[PDB]
Amino acid sequence: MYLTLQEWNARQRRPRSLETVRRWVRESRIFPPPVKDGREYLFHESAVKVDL
Amino acid sequence: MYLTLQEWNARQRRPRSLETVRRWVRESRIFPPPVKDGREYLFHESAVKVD
DNA sequence: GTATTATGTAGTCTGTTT
DNA sequence: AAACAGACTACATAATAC
């Protein structure tokens with residue numbers, strides 16, 4: 001299922017500050033790009049961080 | 001058998017610049033610490049970087 | 001060495017959910 | 001309204017790159 005930004009962060013090898021994760025999203029570092037459902041990002045469970 | 005700094009670095013989950021790996025060695029971040037043998041560092045196969 | 005990039009905390013801004 | 005989520009910026013330091 002979709003994860004919240006904090007829930008996706010908590011499953012990564014090195015969780016970061018939520019502001020950091022948000023910056024990754026703004027910078028197109030997350031594949032697939034999270035959808036903003038209303039006020040919050042939804043991450044695919046299989047979303048990964050990529051180097052651009 | 002020992003590995004070279006380049007060989008060790010290519011085998012990690014995120015290889016870094018040589019400069020950075022050398023700095024980690026200089027800062028004793030790597031265990032077991034590499035042996036300096038002549039001009040090269042020699043890494044144990046099991047050597048990991050401790051955070 | 002110096003410069004650039006990555007990260008962190010805060011305040012204020014737009015907008016969403018209750 | 002009030003709490004929430006996130007954007008954007010100002011301000012920092014650390015790690016990495018040059």
Side-chain angles (χ1 to χ4, degrees):
Chain A
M1 306 282 283
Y2 281 118
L3 312 180
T4 65
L5 178 144
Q6 60 271 28
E7 172 177 31
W8 181 88
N9 187 54
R11 294 179 184 195
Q12 304 314 300
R13 182 198 73 83
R14 178 93 198 259
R16 299 292 186 180
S17 78
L18 302 183
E19 194 66 10
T20 295
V21 182
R22 292 177 184 125
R23 288 166 182 168
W24 295 346
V25 182
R26 311 175 198 148
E27 291 154 20
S28 311
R29 187 110 201 284
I30 305 297
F31 183 68
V35 295
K36 202 148 68 214
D37 169 64
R39 75 180 173 189
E40 106 267 25
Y41 282 122
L42 299 179
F43 281 67
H44 283 278
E45 209 178 351
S46 59
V48 300
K49 178 169 69 179
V50 297
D51 185 24
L52 281 70
Chain B
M1 167 170 183
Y2 294 84
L3 291 169
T4 70
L5 182 146
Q6 289 164 75
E7 284 166 352
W8 179 90
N9 184 51
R11 289 171 153 218
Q12 307 319 288
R13 61 167 320 283
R14 150 80 115 175
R16 280 296 193 188
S17 73
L18 273 20
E19 159 164 39
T20 282
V21 175
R22 290 168 181 163
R23 181 167 30 83
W24 296 349
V25 176
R26 278 179 245 132
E27 293 183 357
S28 291
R29 305 213 44 187
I30 305 293
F31 291 101
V35 183
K36 190 92 133 267
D37 181 1
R39 70 187 180 193
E40 71 181 348
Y41 278 122
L42 288 195
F43 286 69
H44 272 119
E45 273 158 41
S46 61
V48 308
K49 172 209 163 261
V50 310
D51 309 321

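Protein chains get the first letters and strands the later ones, always in sequence-line order, with residue 1 at the start of each.
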> Rounded to the nearest 0.5 Å, what's the gap from CG on B:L3 to CD on B:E7? Could you check?
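Taking CG in B:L3 and CD in B:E7, the distance rounds to 5.5 Å.
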
> At a heavy-atom distance below 4.0 Å, which nucleotide of DNA chain C is the first touched by chain A, and which is the last?
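Range of nucleotides touched by chain A: C:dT7 to C:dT17.
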
> Using the sign of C1'-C2'-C3'-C4', would you call the sugar of D:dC8 north or south?
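South pucker for D:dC8; the sign of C1'-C2'-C3'-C4' is negative.
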
> Do A:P34 and A:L5 make a side-chain contact, defined as non-hydrogen atoms from C-beta onward lying under 4.5 Å apart?
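A:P34 does not reach A:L5 side chain to side chain.
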
> Would you mind writing out the side-chain donor-acceptor pairs for residues 10-17 of chain B within the sub-3.5 Å range, not counting sequence neighbours?
{"residue": "B:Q12", "atom": "NE2", "partner": "B:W8", "partner atom": "O", "Å": "2.6"}
{"residue": "B:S17", "atom": "OG", "partner": "B:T20", "partner atom": "N", "Å": "3.1"}
{"residue": "B:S17", "atom": "OG", "partner": "B:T20", "partner atom": "OG1", "Å": "3.3"}

> Identify, via the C1'-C2'-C3'-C4' dihedral, which side the sugar of D:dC4 sits on: north or south.
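Torsion sign negative, so south.
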
> Within residues 37-52 of chain A, find the residues that approach DNA chain C with a heavy atom at under 4.0 Å, and present them sorted by residue number.
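Contacts with DNA chain C under 4.0 Å: A:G38, A:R39.
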
> Could you go through residues 41-51 of chain B and list every donor-acceptor pair under 3.5 Å that involves a side-chain atom there, pairing it with any protein atom two or more places apart or in another chain?
{"residue": "B:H44", "atom": "NE2", "partner": "B:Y2", "partner atom": "OH", "Å": "3.4"}
{"residue": "B:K49", "atom": "NZ", "partner": "B:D51", "partner atom": "OD1", "Å": "2.8"}

> For B:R26, check side-chain contact (heavy atoms from CB on, under 4.5 Å) against everything at least two apart and list the hits.
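So B:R26 forms a side-chain contact (heavy atoms from CB on, under 4.5 Å) with B:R22, B:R23.
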
> Does any residue of residues 3-32 of chain B have a heavy atom under 4.0 Å from DNA chain C, and if so, which ones, in number order?
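Heavy-atom cutoff 4.0 Å gives no residues at all.
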
> So how far is it from B:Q6 CD to B:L18 CG, rounded to the nearest 0.5 Å?
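With rounding to 0.5 Å, CD (B:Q6) is 5.0 Å from CG (B:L18).
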
> Based on the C1'-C2'-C3'-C4' torsion angle, does the furanose ring of C:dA6 adopt a north or a south pucker?
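Of the two classes, C:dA6 takes south, because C1'-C2'-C3'-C4' is negative.
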
> Could you check whether atom CZ of B:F31 has more than 12 heavy atoms from other residues, nucleotides or ligands sitting under 6.0 Å from it?
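Enclosed.
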
> Please list all pairs passing the salt bridge (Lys or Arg N to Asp or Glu O under 4.0 Å) test where one or both residues lie in residues 31-43 of chain A, with sequence neighbours left out.
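Qualifying pairs: none.
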
> Using the heavy-atom set of chain A and a strict 4.0 Å cut-off, write down the first and last nucleotide of DNA chain D that makes it in, 5' to 3'.
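Nucleotide range with atoms under 4.0 Å of chain A: D:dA3 to D:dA10.
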
